[PDB]
Every structure is written in structure tokens, then in C-alpha cells.
Amino acid sequence: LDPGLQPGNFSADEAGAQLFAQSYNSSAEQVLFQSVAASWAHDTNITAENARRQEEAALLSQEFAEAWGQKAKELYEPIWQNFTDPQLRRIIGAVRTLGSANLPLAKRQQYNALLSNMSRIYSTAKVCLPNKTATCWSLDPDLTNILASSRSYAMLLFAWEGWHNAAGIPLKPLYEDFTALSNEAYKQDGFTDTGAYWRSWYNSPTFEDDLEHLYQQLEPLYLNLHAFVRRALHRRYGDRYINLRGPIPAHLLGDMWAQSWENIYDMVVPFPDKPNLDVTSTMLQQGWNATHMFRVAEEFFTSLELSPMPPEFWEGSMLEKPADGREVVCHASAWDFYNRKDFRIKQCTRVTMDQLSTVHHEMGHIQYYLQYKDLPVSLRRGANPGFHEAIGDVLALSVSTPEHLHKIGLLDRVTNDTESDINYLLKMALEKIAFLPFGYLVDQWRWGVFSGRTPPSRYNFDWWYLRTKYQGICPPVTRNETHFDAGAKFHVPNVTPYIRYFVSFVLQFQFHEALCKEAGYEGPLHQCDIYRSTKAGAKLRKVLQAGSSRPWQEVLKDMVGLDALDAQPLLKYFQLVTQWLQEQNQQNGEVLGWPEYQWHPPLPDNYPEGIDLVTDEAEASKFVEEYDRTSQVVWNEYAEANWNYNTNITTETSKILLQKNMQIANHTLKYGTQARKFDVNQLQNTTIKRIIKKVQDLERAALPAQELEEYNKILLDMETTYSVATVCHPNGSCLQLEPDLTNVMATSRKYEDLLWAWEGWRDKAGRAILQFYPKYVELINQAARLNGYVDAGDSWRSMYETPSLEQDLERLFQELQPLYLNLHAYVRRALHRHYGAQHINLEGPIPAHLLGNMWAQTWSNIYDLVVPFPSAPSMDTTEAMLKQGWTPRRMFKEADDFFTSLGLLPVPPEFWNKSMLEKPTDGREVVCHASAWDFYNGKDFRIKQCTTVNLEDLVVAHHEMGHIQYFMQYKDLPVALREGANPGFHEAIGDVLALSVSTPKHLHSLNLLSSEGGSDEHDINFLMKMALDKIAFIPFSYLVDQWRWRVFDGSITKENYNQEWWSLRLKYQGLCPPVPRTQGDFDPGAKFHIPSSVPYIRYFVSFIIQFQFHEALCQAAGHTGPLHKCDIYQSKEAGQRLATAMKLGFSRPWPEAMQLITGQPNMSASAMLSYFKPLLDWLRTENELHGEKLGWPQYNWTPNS
Ligand SMILES: *[C@@H]1O[C@H](CO[C@@H]2O[C@@H](C)[C@@H](O)[C@@H](O)[C@@H]2O)[C@@H](O[C@@H]2O[C@H](CO)[C@@H](O[C@@H]3O[C@H](CO[C@H]4O[C@H](CO)[C@@H](O)[C@H](O)[C@@H]4O)[C@@H](O)[C@H](O[C@H]4O[C@H](CO)[C@@H](O)[C@H](O)[C@@H]4O)[C@@H]3O)[C@H](O)[C@H]2NC(C)=O)[C@H](O)[C@H]1NC(C)=O
Ligand SMILES: *[C@@H]1O[C@H](CO)[C@@H](O[C@@H]2O[C@H](CO)[C@@H](O[C@@H]3O[C@H](CO[C@H]4O[C@H](CO)[C@@H](O)[C@H](O)[C@@H]4O)[C@@H](O)[C@H](O[C@H]4O[C@H](CO)[C@@H](O)[C@H](O)[C@@H]4O)[C@@H]3O)[C@H](O)[C@H]2NC(C)=O)[C@H](O)[C@H]1NC(C)=O
Ligand SMILES: *[C@@H]1O[C@H](CO)[C@@H](O[C@@H]2O[C@H](CO)[C@@H](O[C@@H]3O[C@H](CO[C@H]4O[C@H](CO)[C@@H](O)[C@H](O)[C@@H]4O)[C@@H](O)[C@H](O)[C@@H]3O)[C@H](O)[C@H]2NC(C)=O)[C@H](O)[C@H]1NC(C)=O
Ligand SMILES: *[C@@H]1O[C@H](CO)[C@@H](O[C@@H]2O[C@H](CO)[C@@H](O[C@@H]3O[C@H](CO)[C@@H](O)[C@H](O)[C@@H]3O)[C@H](O)[C@H]2NC(C)=O)[C@H](O)[C@H]1NC(C)=O
Ligand SMILES: *[C@@H]1O[C@H](CO)[C@@H](O[C@@H]2O[C@H](CO)[C@@H](O[C@@H]3O[C@H](CO)[C@@H](O)[C@H](O)[C@@H]3O)[C@H](O)[C@H]2NC(C)=O)[C@H](O)[C@H]1NC(C)=O
Ligand SMILES: *[C@@H]1O[C@H](CO)[C@@H](O[C@@H]2O[C@H](CO)[C@@H](O[C@@H]3O[C@H](CO)[C@@H](O)[C@H](O)[C@@H]3O)[C@H](O)[C@H]2NC(C)=O)[C@H](O)[C@H]1NC(C)=O
Ligand SMILES: *[C@@H]1O[C@H](CO)[C@@H](O[C@@H]2O[C@H](CO)[C@@H](O[C@@H]3O[C@H](CO)[C@@H](O)[C@H](O)[C@@H]3O)[C@H](O)[C@H]2NC(C)=O)[C@H](O)[C@H]1NC(C)=O
Ligand SMILES: *[C@@H]1O[C@H](CO)[C@@H](O[C@@H]2O[C@H](CO)[C@@H](O)[C@H](O)[C@H]2NC(C)=O)[C@H](O)[C@H]1NC(C)=O
Ligand SMILES: *[C@@H]1O[C@H](CO)[C@@H](O[C@@H]2O[C@H](CO)[C@@H](O)[C@H](O)[C@H]2NC(C)=O)[C@H](O)[C@H]1NC(C)=O
Ligand SMILES: *[C@@H]1O[C@H](CO)[C@@H](O)[C@H](O)[C@H]1NC(C)=O
Ligand SMILES: *[C@@H]1O[C@H](CO)[C@@H](O)[C@H](O)[C@H]1NC(C)=O
Ligand SMILES: *[C@@H]1O[C@H](CO)[C@@H](O)[C@H](O)[C@H]1NC(C)=O
Ligand SMILES: *[C@@H]1O[C@H](CO)[C@@H](O)[C@H](O)[C@H]1NC(C)=O
Ligand SMILES: [Cl-]
Ligand SMILES: [Zn+2]
């Protein structure tokens, strides 16, 4: 056994300890030299061959430490603390620390290999997508780069969790075993636990207490910065993920561990316009090279009259990426061979301003070694383990200053711009101030572990609690005791303390302030440099010269003047950013800190399936531009043919239209598929947000081509079936739905013929639709689900943008029941005297085939049988219009006048030349359903009506003009939003401007009626005529879409379609079928919009909200008294009240426009009840005159045969 490796015999005396120590020093540096030599070789020449040597030399070192430690611990430990000279005690104490070696060999292997496994797992940790990806991501570059570079919350979250999953989960069991052995080993050394040993290095009886006091003094700076970043992150990600008062999601801070916020500087940079001064471009033109960069650095130290580099340095240092091309650990490091004769830097230098500063840092280490190289090896270390880095840093700060750069010559003028330095200082603030709490809590956490304050069942609980309490962060996902996120940070599984850095950071600024004060410098500390200040160099040298001989605190007191750490120097360095940030925080009213800490974000909508979705908003903006630009042409093209065909039925126009139909199909699918690639939930431009959400709906196109084909096939089969069904008399005479059968329903008073027509249409048209409905439902439900809805019912109901729709609709309907019930009963009485009790039960629901309409959706056809007062007309308005020479254009002209008096946009000139106001006489065939058309060209707007000169068409004209008016004033929005606030609004506006038309006042104002006796009966007569549609149509319109909703809900099946229909027909319309019906019939097929699969609830909304608007206009127009006597005419303000609302188009939720119009954000039936209040009174009264009893409790009655 080499005497140079094993201690000899020594007494327990100080002289013996001195002789032992002296002997230890001589051999120790020899051993260390061998160890580092191979270390340098492998690190400088990466190969398994050198790895083997490194492994061997390190092994030898341990045996040496074991031999000497063994003797030292045995010899002096009973007396060592009494040795007079602390110098000796320091040396002996270090060697006397055996650590792991204390463990028995079996535990040694377990402990040593265990540590190796912990290290292996961390570096081996791989994160893989939930796909059989060809290659996964490792911690770096992939995971760190993607996490540092990506800004997609979903993507960023997945990477953050995966790393914690792979790294944390497997470490949790192992780390416990380390805890037992680690504490067990140090127990033999004499420390209560691993934590006590690490804290022992700082020789501070109140060390941990000191740090909390330090941290509390820095918290004011940290909170201000935390609030500022919190605000900035909120600007980027939105309140959904950033609670202005709560903690910040750990994964959004730009780095896997949130230990450094540098990567978010691009979002927060003050004065973004001032460029960061980079001297690299000049450095290159200066011909500088890495080798000279270091000699430049050496000159700085010579300016400090410190020791220049030994020639050994120029020879040994691995300044560059070696020309030999052999592999090397390019990460810049400074190496000190304990051989007093040499020290080396390994830079792998590349010419950048950053590396220039880096080199100065590393050289500072070299300078530090040189100054204490004279001390014994045991003392040739920092005053405290954090002390080392600080010295290197303070040197790094001074040179980074542009003042210093100018002194070097790399800058022509030192522009003293506060915006520049604030931008710079803020970058440094994000780089390291954000680090302070993190570095503190990790070792705060570990002491809890080693002390047992955090038992195993709390590894993760205390981790997040501590991480949240100090750093102000919460997890991106709820995490529980199964996890061990502590294993996610390199320093944990590698069991390397973190506290050194935090203390080092405070010492850095603490030293810096001292030298600046020593250098006679004044003013801004961040503008200080120590260059050329020999007096300060001597002070710095003093601190280095002592090395680890003198206790760090003693040296610090001599340097700066204070026996302990303090935050004051650090704050003064950042004073400027401190002041500035508070104002930025003050102006935003930020809540310093994070109350309501128990808050955290929701998971992404499709996590983890949506983690690769594109969230960049700049391209989405351009996307919307191209979409509008292209969609305008396609819809206009579509509209052109669609208009051309609707007026010119010529068969070839249909062929043309079909081809155009394919184009919109092409376009819809093309841009729809592209739209689905944008992730809307992360966007913040509200306009773009709604636009993309809409376009993302692919409707039928979400179905597979085969099923889409099958779906369209079925639609046409149903559409065709309805299109060709007819009812035929026994003689074979066949009647069509319109106008033929409609006239029967409208004109017949014969119970037999009405039933035959109603029954017949339902028998041939109705029953047949069951040939397709079931699969039809299944298919559209499949499509709805593929579009992200629960079912087709959810899909349609979603267009009202309000989840409580059905509840609101329900309440709205209930509020009309008193009126509807009175009307219902009154009509029943009218039917009673014409069809008799044998067919009319005055105490039950009404036979659904007598309401004058094939579907009983509108009762206006029976007005003659229900009129409350005859002698209603003072003049025939039809003959009067004829007498006054009224023409279709004159009719629409009067409407434009009304609209002009209301200050709304006049109709464009081309309208008068391309609209079709009359039945063509050139043999063209027209689709006569009156409607209004928008060509999306900001100039083409047209009306198509088979205009007849009568009052009815006069209402149609205004109604159509209403739509036109609505198109014109939102023409400025992009096509994607050229829609009403909601489906109802568009159809609702149509009535509002028309309502006044039929009032007696407006009727008379145009002399359509000569003066009439001012009877209320004429008002009542008009109001009932209105109610006979406005009211009756409400419940029917409600029932259809509810019936479909519950069918889309799957809650209703074919076995009872008929029963659910009639049950609803009873509950909502108070109706029953005229004759019993069994399965095989499917009455709902009897109404077009069902087999045509078109929603109806819009009409209901239209007939409600239109009355709120009318009241608002009458209120704004100043009208008082009976609401039906209101006349909007020429109200310059009332028009403007609507104008501002219409311009919103579909860009806003309808509650905004609703309020902007009426002053309320909710739909309210009260306006309508008020409108009909007089008629209700009369009808209610009439019920008393006849003693009519309201309701239909006696469900089962039908007309007698
Ligand atoms: C890294 O940089 C080193 C520093 O180079 C200096 O700084 C850079 C930014 C340039 O400005 C460069 O021109 C500077 O020299 C660099 O070392 C330098 O390498 C250059 C060539 O690349 C050498 O140039 C020659 O210099 C001599 C004069 O220098 C000697 O004498 C003076 C005293 O007079 C001493 O102070 C010096 O230390 C040297 O001992 C010139 O006489 C010689 O002239 C030749 O070229 C001219 C035409 O230009 C002809 O007319 C002559 O007849 C000769 O043919 C060169 O100009 C320079 O000596 C050297 N300086 C030092 C201090 O070593 C180093 O090579 C770089 N390393 C890498 C890896 O890039
Ligand atoms: C920890 O252990 C190491 C190794 O034992 C000690 O390192 C020795 O340190 C001493 C100085 O403390 C060094 O002595 C120097 O020797 C130089 C001559 O070296 C040649 O000659 C010797 C034999 O005399 C050979 O062994 C050697 O290989 C060379 O061939 C001198 O030139 C030096 O001069 C300096 O010191 C003298 C006073 O001694 C002054 O008068 C001079 O002006 C000058 O300042 C010096 O004498 C010795 O070389 C080191 N050994 C090794 C192997 O490097 C550490 O000292 C010890 N730690 C402590 C705290 O003692
Ligand atoms: C309803 O829509 C229909 C389809 O758009 C219109 O039908 C067109 O009616 C015109 C007459 O009104 C017919 O004119 C004939 O066209 C053929 C072929 O013309 C083509 O070739 C010549 C060169 O030889 C070219 O100059 C033309 O532009 C055409 O490209 C001639 O041979 C005849 O002499 C006559 O001019 C069209 O044929 C006919 N087209 C179609 C597709 O049916 C109809 O006019 C519309 N009705 C209204 C009232 O607008
Ligand atoms: C330090 O001093 C101790 C004594 O205080 C030395 O220990 C002795 O080491 C020798 C061998 O180097 C041992 O010799 C053997 O002794 C036994 C009887 O004890 C004898 O039968 C054998 O034939 C052999 O000679 C001796 O046992 C051992 N003594 C004790 C008490 O362990 C040690 O060598 C000294 N080391 C140095 C570096 O000075
Ligand atoms: C980097 O590391 C590798 C491996 O540690 C070194 O490779 C070894 O280099 C030596 C010479 O430097 C080789 O030995 C010599 O090879 C020549 C040519 O065959 C022969 O003429 C000599 O007599 C002697 O055998 C050795 O084979 C080679 N490989 C190994 C495994 O040792 C490499 O030199 C290192 N480079 C640096 C810059 O440190
Ligand atoms: C560090 O991790 C390695 C790898 O997990 C551990 O090595 C493994 O150690 C176990 C026993 O400690 C060996 O178990 C044997 O496995 C074979 C199947 O491979 C089985 O047939 C035997 O009955 C037995 O269970 C295992 O072979 C061995 N693997 C290797 C590659 O050597 C090591 O023990 C871990 N050390 C610590 C301290 O956690
Ligand atoms: C702690 O919380 C974690 C989640 O944060 C819990 O682990 C999770 O447990 C569920 C099932 O309980 C796992 O999901 C299931 O996976 C199976 C396939 O293994 C699948 O068939 C199921 O449909 C379901 O998706 C989930 O993957 C798992 N996640 C993790 C990260 O382990 C754990 O149970 C909680 N433990 C305690 C004590 O609170
Ligand atoms: C949201 O994005 C839309 C779409 O680009 C922006 O609309 C632009 O508005 C300016 C005037 O404000 C017009 O000059 C542009 O023509 C509009 N864009 C297009 C494509 O026409 C809108 O300003 C954005 N709003 C917010 C709050 O981000
Ligand atoms: C088939 O028979 C019915 C029943 O006789 C005919 O319907 C009548 O048509 C006339 C006008 O053509 C009406 O005035 C009657 O009121 C209808 N009666 C009924 C009960 O509806 C029908 O016209 C006959 N068709 C043919 C082609 O002979
Ligand atoms: C010296 O030893 C005595 C007796 O064990 C003890 O009371 C005293 O505290 C020791 N001195 C030091 C500095 O530990
Ligand atoms: C920059 O200007 C400020 C003005 O308040 C001054 O305090 C500071 O000393 C100036 N710095 C330099 C380097 O001129
Ligand atoms: C449009 O649809 C037709 C259908 O056959 C197809 O042939 C054509 O390639 C499509 N074009 C685009 C751009 O989608
Ligand atoms: C309408 O057409 C006539 C020709 O029939 C033309 O004189 C007039 O200028 C056209 N007006 C507009 C607005 O196009
Ligand atoms: Cl709808
Ligand atoms: Zn360093």
C-alpha cells in the first residue's frame, strides 16, 4: 500500500494534526491531479477510451479519501474542535467528513449504483407523442428548444407534462432509498441529516433564517416583476389561462422548469424600438479572433494589477473547437489542476459578444484559483461554495457595460440612453431575478425531505405548495401523490445543491457595489466599471487571497463592511427597473402577489389530441383576408346563377346552377378543412375568433364521402317524395298542395271536405316520409357529432349563441299562455256555432284540421268566422290603391320614402333596373315565393316579388325592403359576418319596419282608407287580424323544433314519433287529430321544412323580439298611449337607434344589439303582451260573455261521425 496514499501514525495533538494535515496536503494534490488529468482528457477528447481512464482515476481518488478520512475520523474527531487554530480545524473537519464511505460495502454499492441509476434515468428520459412516432424528444435540444420556442399552450403543456411524467414517475421510489442511506451515512459523520450537512457549509447558525429574511427583502422586487410578466402573458394567452390575481401556469414561463424567464423577453421588452447594442458585427470587422479575445480579457485583469495568465495557460487552454475535429465538451468551462503549476480554460470559443463576456467570467475563475493557489489543497476553494461563482460574475458585469466596450474601442460613442439600459436591465432581470425564488425553494424543499418534515406521502404535495408559495406558480395540470415532479430538475436526481447559486447571486451584486464604491465611481451602479481601478483591484484581491481559510462572513465584512448577506446592493443595481416597473404596474393596477392561489387553468379543449394545432394569429389574419376575397367571388357567382335561375327557370340555367353548386361545394370544403386547422380557442382578435369558428362548421361535409353521398341521396328522395305527392278524389282527380289544396283549406267550410284534404295529404305525403326519416336522423346526427356538437339539435340551438335558450324560450312561451288560451277558447266558440257541438267540444282542445291551414300554423284564413266586429272597412284599400293609380314601383317607392324618412341607406340605383317587381311576360317562369337577395357585391341588392297592387303586397314590399335595408347597412362587414345578430334578427327586422304599415293611422295617412269612425273596434279588428297570425304561429313554430330536438336527442323514437308530435300538438297548440291514428303514419312529414330539414325556431324568435324593437322605437320616437297607434314615420332618432345596431351584423352576440336597441340584454315577452293588451281585454271579456272556460284538461275528444 503506497505510503503516498495511506496516512501514517500521528498523535491526537495539534502538532500531530498539523503533521497529518501537512502530509495530507502533499499526497492529496498528487491524487487530485491524476483524477482531473483524465477528467480533462476525456472532457477535451470525448471517447470511451478516455472514459475508462476517467472512471479509473476517479475510483483511485475515493480510496485515497477513504484511507485518510478513515484515520482522521478515528484519530481526532473526539478532540478536533478544540484545536486552537481554526486553520487546522478547517482542514481536519473537511477530511474528517467521510460521507457515503461510512456505509458498509453492501450499502455503498447500493448507494453508489443507486445514485448512478438516478442520474441515468434523468438523462435517459424520453418524451413521446401518443402516436407511433419514428423518433421521440429528449430533454435537449428538442424538448428545451420546443418548449423555449413554441408558444402554443396545448403544445407547450404536453411537453411540460411528458417530461415530468417520464422523469418524475420512475425516480419517486428510488429517491426514497437515497434518502435513507444518505441520512444514514451522514449520521455516522455527525449530521442529523443530509440537509444539516449541506447547510453546514455556510457556517451560519441561523443560515436558513438568514435566507428567509433575504428573500423577504427581495420579494418586493420579485412581485413587481411577477405581476408585470403576468400581465404580459395575459395579453398573449387570455384570461382563460392567466388569472390576473392568481398564480401563473408553470409551463407558460418559457422554460421546462420556469427557472429562467429569458425566453419571454420578446413579449415584455420595454421600448421595443431601441435596438440592443451588439458589438459582434464590429468585432468581426475588427479582425478579432478567439485567441486574441482572451488576451484582451487578460489585459482587464492586468488593469486590475492582478496576476497575468501563466504561459502554461496559453499552452494548455482549449480555446477553440479543435482543428483536429475530435469530439469535445464544447460547453465553456474553467479547469484548475490542483498542480500548483497549471490551470486551464476550456472555451470552444466562437466570436460573439456574449462569449466575450463569457470569457471574462471564466477567466475570473482562473484569477480566483491563482490568488489562493498558495493555500493548502483543502482550503483551495471558495470562501463558501456559492462564493466561487459570484467573483466570476462581478467581473462579467463590469465588462458588459457599453462604457467598458468603448474603453476597449469596440464602440465609437457611449450613447447614454435610459431606454437602452432599461431594455438591457430588464433582459437581465428576466434571466436571473426570476431564478432567485426557484433556487431557494428547491433546497428549501430538500431540507424538508432530509429532515423528515416532508414525509414520503408529501413529496409532491410540499413541492407544489412550496413552489407555489414562493415562486408564485401552480401546475399546468392537477398533480397528485402519484407524481414526483421534484425529479424533473437536473439538480435533484443528480443530488447537487441549488442554494449555492442563490447565495452567489446576492454576493455578486454585494461585491459589485463595494468595488464601485471603492473605485470612486458615482451615479448609476449599472453604469459602473472597475476597469483600470487598481485600488479596487487590491480590495478584490484581498477577498480572493483568503480563499477558504477565513470564514466567508469574516471576509465579507472586510470587503463590503457587513458581517452578512444583504439585498440592499442588489436593489440599488436594479433601482431603475424597480421604479419603472412599479409605474407600469401602477398604471395597470396590478395586484402585487397572488391571492386566491388555489386557481389554475382548464385543460385544452382536445388535450392531448389538439396539441399540434396551429395557434399563430398573424397567418389567421391573412387567411381571413383571402377567405373573404375568394368567398365573395364564389357566393356572388353562386348568387348570380341562383338569382338568374329563380327568375329564369329555363332548364339550362339549372344545369349552370348545379355546376356553380359544385364550386361552392369545392370552396366550402376547401376553406372549411383549412379553417379546422386553426385553433380558435387561443386567438384574441374577437372578429377573427367568431369568423373561424363559423367557417370551421363543415356540416354535411364532415360526413364520409360515402355517407355524405348517401345523405344527399336521401335528402333528395325525401325532397322528391314531398315534391310529387298529391291527393286524388275517387274519380282520380288529383289536387296539389299549392295553391289547390291550400285553397280548399282556406275556403271550405265543409267538415267532410276539409278532413278529406287534411287526411288525404297526410296519408299520401305524410306517411311516405317514414321511408327515409330514421336513417336521415342518424346521418345528420353523425354529421353534427363530427362537427363537434352533441347532436343535430345541439348544432342548430348553438346558432343562438346562448345555452339557456330552451329555458328562456320556455319562460317566454309561458308568459303568452294567458293570451293564447283566451284566443284559443274564443276561436273554439266561433267553431262551435258553425260545426256544432257534434264536432266542437267547448271544454276540450280544438280539432287541428279546422284552423284554415294545412298545418294549422296560421289561422288568418278563418278571420271571417272570427271577426269581433263587422263593418270593419271604411274603404276598400285594394280598390283605393287602384283608384290612386298605385303600381308595384310606386308601392316600393313609398317604402323607400318611409325608409328615407328614417334616415336609412337609400336603395342603390342598380336595384331599380334588376329587381323583379312584376310577373314577367316574356314567357320566363319564376319561383314566385317573394324574397330579397344580396349578391355580396356591395352594389347588387334585389327584390323578387310577383307584386299585386294590394295591401297584402304592400306589407310584403316593406318587409322585403326591410331585409334589403338590413343587407345594406352591414355591407361593410366581411362576408363571413354579413348575417343578422342571430337567425331571428334577420327575419325579425323584416317585420318591424312593416308593422306600422297596416296601422289605421298609416293606412289613412296614405289615404288608403278615407276617414273612418274612430272606433276601437277597427283597432281591435286590426289587432286580431294581426294576432290571428302573429300569435297562432308562435306555438306551432315552437313545437316543430322541439320535436326535432328531442328526436335529435334520441329521446324520441319512431315507435312514438306520432305520439310525441300529437302530445306536443296538445300541450302546445291545444290540438288533437280529427281521427285516431296508429303506427305506419308519420304526420310530421306533412310540413315542408321537416323533410327539407330546415329549422323553424328562428320564426319564433322573430315574432317575439320584433315587439321589443317596436316598443323601443316607439319609446325613442316619443310615442305614448296604445302601442299599436305608434308611427315610426320620419323619426330621425329612431332610425339611428336601429342603424347603429344593424351595423354590428353577426360580429357580436345578439344580446349586445338587443340592448343597444331596446336597453335590455334579454328577450322579453312583456312588450308583446303590452302590444296586444287591448285585444286580450276584449277577448278575455268575450270569454266571460260566453262563460267560455279556458284550457283543455279533457284531452280525449274528437268530432262525432
Ligand atoms: C488573433 O489575433 C492576433 C492579433 O492580431 C492583431 O490584431 C488583429 C485584430 C489584426 O489587427 C492583426 O493585424 C493584428 O496583428 C493575431 O496575431 C497577429 O497575426 C497577424 C497576421 O494574421 C500578424 O501580422 C504581422 O505582423 C507583423 C508585425 O507584428 C510583429 O512585429 C510587431 C513589432 O513591429 C510586434 O508588436 C508583433 O507582436 C509582431 O512581432 C508585420 O510585420 C507582418 O507584415 C507582413 O504583412 C505585410 C503586409 O500586410 C508585409 O508588408 C510584410 O512584409 C509582412 O509580410 C504582419 O502584418 C501579427 O504579427 C500578429 N500579432 C500578434 C500580436 O501576434 C493572431 O494570429 C490571431 N489568431 C487567430 C487564430 O486568428
Ligand atoms: C502541499 O504539497 C505540495 C507538494 O508537496 C507543496 O508544493 C511545494 O511547495 C513548495 C513551496 O511551498 C515548492 O518549493 C519550490 O521549489 C522550487 C524548486 O523546485 C525545484 O527544486 C525542488 C527541490 O528543491 C524539486 O523538488 C523540484 O522538482 C524542482 O526541481 C523553488 O524554485 C521555489 O522557490 C520559491 O520558494 C522559495 C522558498 O522556498 C523562495 O526563496 C523563492 O524565491 C520562490 O519564491 C520553491 O522553493 C515545491 O516545489 C512544491 N512541490 C511541488 C511538487 O510542486 C505545497 O507547498 C504544500 N502546501 C503547503 C501549504 O505547504
Ligand atoms: C332565360 O335564360 C336563357 C338562358 O340564359 C336565355 O336563353 C337564351 O335566349 C337567347 C335569345 O333570347 C338565345 O339566343 C340564341 O342563341 C343561339 C346561340 O347563341 C350563341 O352563339 C352565338 C354565336 O353564334 C353567340 O353570339 C351567343 O352569345 C351565344 O353564345 C343563336 O344561334 C340564336 O340565333 C339565338 O341568338 C340563346 O340561345 C338562349 N340560350 C340558352 C342557353 O338557352 C333566355 O333568353 C333567358 N330569358 C330571358 C327573358 O332573359
Ligand atoms: C503505525 O503504528 C502501528 C503500531 O502502533 C503499526 O501497526 C503495526 O503494523 C505491523 C506491520 O506494519 C504489524 O506487524 C505484525 O505484528 C504482529 C503482532 O502484533 C506480528 O505477529 C506480525 O508478525 C507482524 O509483525 C503490527 O501488528 C501492527 N500493530 C498494531 C498494534 O496493529 C503500523 O505499521 C504503523 N504504520 C506506520 C505507517 O507507521
Ligand atoms: C484522443 O483519444 C484517443 C484515444 O484515447 C487517442 O488515440 C490514440 O492516439 C495515440 C497517439 O496519440 C495512438 O497511439 C499511436 O498511434 C500511432 C499510429 O498508429 C503509432 O505510430 C504510435 O506508435 C502509437 O501507437 C493510439 O493508437 C490512439 N488510439 C487509442 C485507442 O489510444 C488520441 O490520440 C487522442 N487525441 C488527443 C489530441 O488527445
Ligand atoms: C440500477 O438499474 C439496473 C437496471 O434496472 C439494475 O440492474 C438490475 O439489477 C437487478 C437486481 O438488482 C437484476 O435482476 C435480475 O434480472 C434478471 C432479468 O434481467 C432476472 O432473471 C433475475 O432473476 C434478476 O431479477 C437485473 O438483471 C439487473 N440488470 C442489469 C442490466 O444488470 C440495478 O440493480 C439498479 N441498481 C439500483 C441500486 O437501483
Ligand atoms: C393521480 O392522478 C393520476 C392522474 O393525474 C391518476 O392516474 C390516471 O389514472 C387514470 C385511471 O384511473 C388513467 O386513465 C385510464 O387509463 C386506462 C389505460 O391505462 C384507460 O383504459 C382508461 O380509459 C383511462 O384513460 C390515467 O392514464 C392515469 N394517469 C397517470 C398520469 O397515471 C392516478 O390514479 C391518481 N392517483 C391517486 C392516488 O390519486
Ligand atoms: C381583428 O381583425 C380584423 C381583420 O383583419 C381587423 O379588421 C381590420 O380593421 C381595419 C381597421 O380597424 C381595416 O382597415 C381592415 O381592412 C380590417 N381588415 C380587413 C381584412 O378588412 C380588426 O381591426 C381586428 N380587430 C382587433 C381588435 O384585433
Ligand atoms: C271528382 O269528384 C269531386 C267530387 O264530386 C269533384 O269535386 C267537386 O269539384 C267542383 C268543381 O269542379 C266543386 O264545385 C265541388 O265543390 C267539388 N266537390 C267536392 C266534394 O270536393 C271533382 O271536381 C271531380 N273531378 C273530376 C275531374 O271529375
Ligand atoms: C473541548 O472539549 C471540551 C470537553 O469535551 C468541551 O467542553 C469543549 O466545548 C471543547 N471545545 C470545543 C471548541 O469544542
Ligand atoms: C447618463 O445620464 C444620467 C442623467 O440622469 C446621469 O445620471 C448618468 O451619470 C449619465 N451616465 C453617463 C455614463 O454619462
Ligand atoms: C371540386 O369537386 C369536384 C367533384 O368531382 C372535383 O372533381 C374537383 O377536383 C374539386 N376541386 C377542388 C378544388 O376541390
Ligand atoms: C337602367 O336602364 C336604362 C336602360 O333601360 C338606363 O337608361 C338607365 O341608366 C339604367 N339605370 C341604372 C341605374 O342602371
Ligand atoms: Cl337556425
Ligand atoms: Zn462560473
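Numbering starts at 1 and runs along the chain as it is shown here.
For all residues, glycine too, the Cβ spot is worked out from N, Cα and C.
Take the Zn(2+) 2 site that Swiss-Prot assigns to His959, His963: the candidate from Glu925, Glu987 listed for it is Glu987. For the residues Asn494, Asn1162, Swiss-Prot attaches the annotation N-linked glycosylation site to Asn1162, which does not rule out the feature elsewhere. Taking the C-alpha atom of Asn289 (N-linked glycosylation site) as reference, the shortest distance to any of the recorded positions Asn82, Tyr202, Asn416, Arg762, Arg1065 belongs to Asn416. Selection of the glycosylation sites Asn117, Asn480, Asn648 by a Cβ distance under 6 Å from ligand 3 yields, in sequence order, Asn648. Rounded to the nearest whole angstrom, the C-alpha distance between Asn648 (N-linked glycosylation site) and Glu362 (active site, proton acceptor 1) is 86. In this structure the alpha carbons, written CA, of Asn666 (N-linked glycosylation site) and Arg762 (chloride 2 binding site) are 38 Å apart. Counting only same-chain residues six or more apart in sequence, the Cβ atoms lying under 8 angstroms from the Cβ of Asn1162 (N-linked glycosylation site) belong to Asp808, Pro1151, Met1154. According to its DSSP assignment, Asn45 (N-linked glycosylation site) is coil. Neighbour counts of Cβ atoms within 10 Å were taken for the recorded positions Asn45, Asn82, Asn648, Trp1061; the minimum is at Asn82. Local packing around the Cβ, expressed as the count of other Cβ atoms within 10 angstroms, is greatest for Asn117 among the glycosylation sites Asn117, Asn131, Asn480, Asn913. Nearest in space to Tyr202 (chloride 1 binding site), taking C-alpha to C-alpha distance over the recorded positions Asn117, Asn131, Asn685, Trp1061, is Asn117. Cα-Cα distance from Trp1061 (chloride 2 binding site) to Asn685 (N-linked glycosylation site): 44 Å (rounded to the nearest whole number). Within 8 Å of the Cβ centroid of the chloride 2 site, not counting the listed residues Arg762, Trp1061, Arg1065, the chain contributes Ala848, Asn1058, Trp1062, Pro1073, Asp1083, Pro1084, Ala1086. Across the residues the record lists as binding chloride 2 (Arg762, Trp1061, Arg1065), the two Cα atoms farthest apart are 15 Å from each other.
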